[PDB]
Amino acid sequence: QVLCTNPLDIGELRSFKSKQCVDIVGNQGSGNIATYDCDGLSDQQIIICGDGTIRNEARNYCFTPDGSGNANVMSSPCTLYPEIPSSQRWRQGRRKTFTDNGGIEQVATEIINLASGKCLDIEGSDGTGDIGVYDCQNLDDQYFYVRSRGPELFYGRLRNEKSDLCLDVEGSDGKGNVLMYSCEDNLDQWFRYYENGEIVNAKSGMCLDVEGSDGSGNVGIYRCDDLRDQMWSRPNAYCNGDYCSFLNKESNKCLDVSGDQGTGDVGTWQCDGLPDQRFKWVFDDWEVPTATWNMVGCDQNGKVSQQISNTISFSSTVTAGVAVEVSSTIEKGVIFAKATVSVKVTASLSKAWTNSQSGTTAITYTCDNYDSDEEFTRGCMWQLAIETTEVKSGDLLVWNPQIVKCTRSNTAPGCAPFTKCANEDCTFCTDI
């Protein structure tokens, strides 16, 4: 009945060993956990909760050992009352850092069960197969990273310099062949471009891909596979103002339109410096969002319990189009107490925003512990507010997600959302 209100990170949880995703069977967010190909579905968006639980965006279920000893791990109902049991709580152990093939620094850690002290584990040694708990053995297949794409660099539709047409996916489900088409106010034409080189379709969550593996061929949308032929550079040398070429990292060929009129099928071709090989990002300006905490309630002589709703205020309906613009804006950068936040904060916040769009879900939430972990005996409950302005109109948007910090202080938490209060009064932070 109660979602995770103090999340620390949201994204794919990956094996340090194989780089495969930690996967719940099917797409509903319940059932056995094992490694699988990363597939872009919401059940693979794992939520690292500040309360120790590990949940997912498909359903409010918890990573749960099916018994004592070296047991199987599955996604099962979370036990919240009288308290979350230590068997459904996990801590990060030892850490391993590495740079992935997209050039992004990742941080892997052991994931340790609080009841048993056993490690989240993949069968055998190769980092593929069934997932459960086992004695910690220091091996790579007991280390897991929440995947970072690096910074979101650019976003929007992609308009060809020659034709004024937009980069398009056939149909409207964001799947299949990419070609030029009339610019349309549909998600299947909206793309988000990351430091890891991925260009991601907003409708399908899938990647701008070249057929086969050599980076020379027809371009379409396919399962993000982390391969070099789905990585793209946007080098300054090829930019003319805001119109730039996109070079495939596998073949060094340019994102290209058939012929020279900017009107046909899209593939990769030898770069030629012609206008049909340049594209501009088309998007509305929104102000860098700001994060603040609002007091929901205080109790100096015990716990505080409140109704916590997801609310959004704006000048008009937050359309699917407005929602992807805001998501993209958030991921690009957010300010907290006049400082930027880390890549995982903006990535997680934008994922929370997206998941917030179809309800939600007013909840009765109680401050049982301080965000810093100690038992809550007095203080205040604080709810996040995210604010931004659409520059063209001057219209302010305010989002109050179901994201809460419990602290001992009447002073607002000193920590960004998706970071952990280090002390009861929350004056400094960890897990930033």
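One rule holds for the numbers: they count along the sequence shown, beginning at 1.
Exercise for the section: Between 31-39 and 360-368, name whichever shows the higher mean Cα B factor according to the PDB entry. Expected result: Looking at the recorded C-alpha B-factors, 360-368 comes out higher on average.
Problem - Between the two ranges 219-227 and 175-183, the one averaging a larger CA B factor in the entry - result: According to the PDB entry, the answer is 175-183.
Problem - Most elevated Cα B-factor in the entry, residues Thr53, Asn56, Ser68, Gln383 - result: Answer for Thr53, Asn56, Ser68, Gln383: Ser68, with the highest C-alpha B-factor.
Problem - Out of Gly117, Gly150, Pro275, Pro235, residue topping the C-alpha B-factor column of the entry - result: Within the set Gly117, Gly150, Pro275, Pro235, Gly117 shows the top C-alpha B-factor.
Practice task
Give the position of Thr427 by CA B-factor within its chain, expressed as the lowest, middle or highest third.
Solution key: For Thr427, whose C-alpha B-factor we compare with every modelled residue in the chain, the answer is the middle third.
Handout entry: Where the record places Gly379 (Cα B-factor, split into thirds across the chain)
Key = Tercile = middle for this residue's CA B-factor.
Problem - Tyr81 - Cα temperature factor, lowest/middle/highest third of chain - result: Its C-alpha B-factor, which the entry lists for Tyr81, ranks in the highest third among residues of this chain.
Problem - Among modelled residues of the same chain, the CA temperature factor third for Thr317 - result: Its C-alpha B-factor belongs to the highest third of this chain's values.
Handout entry: Assigned third (lowest, middle, highest) for the C-alpha B factor of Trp286
Key = As the PDB entry reports it, the C-alpha B-factor of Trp286 lands in the middle third of its chain.
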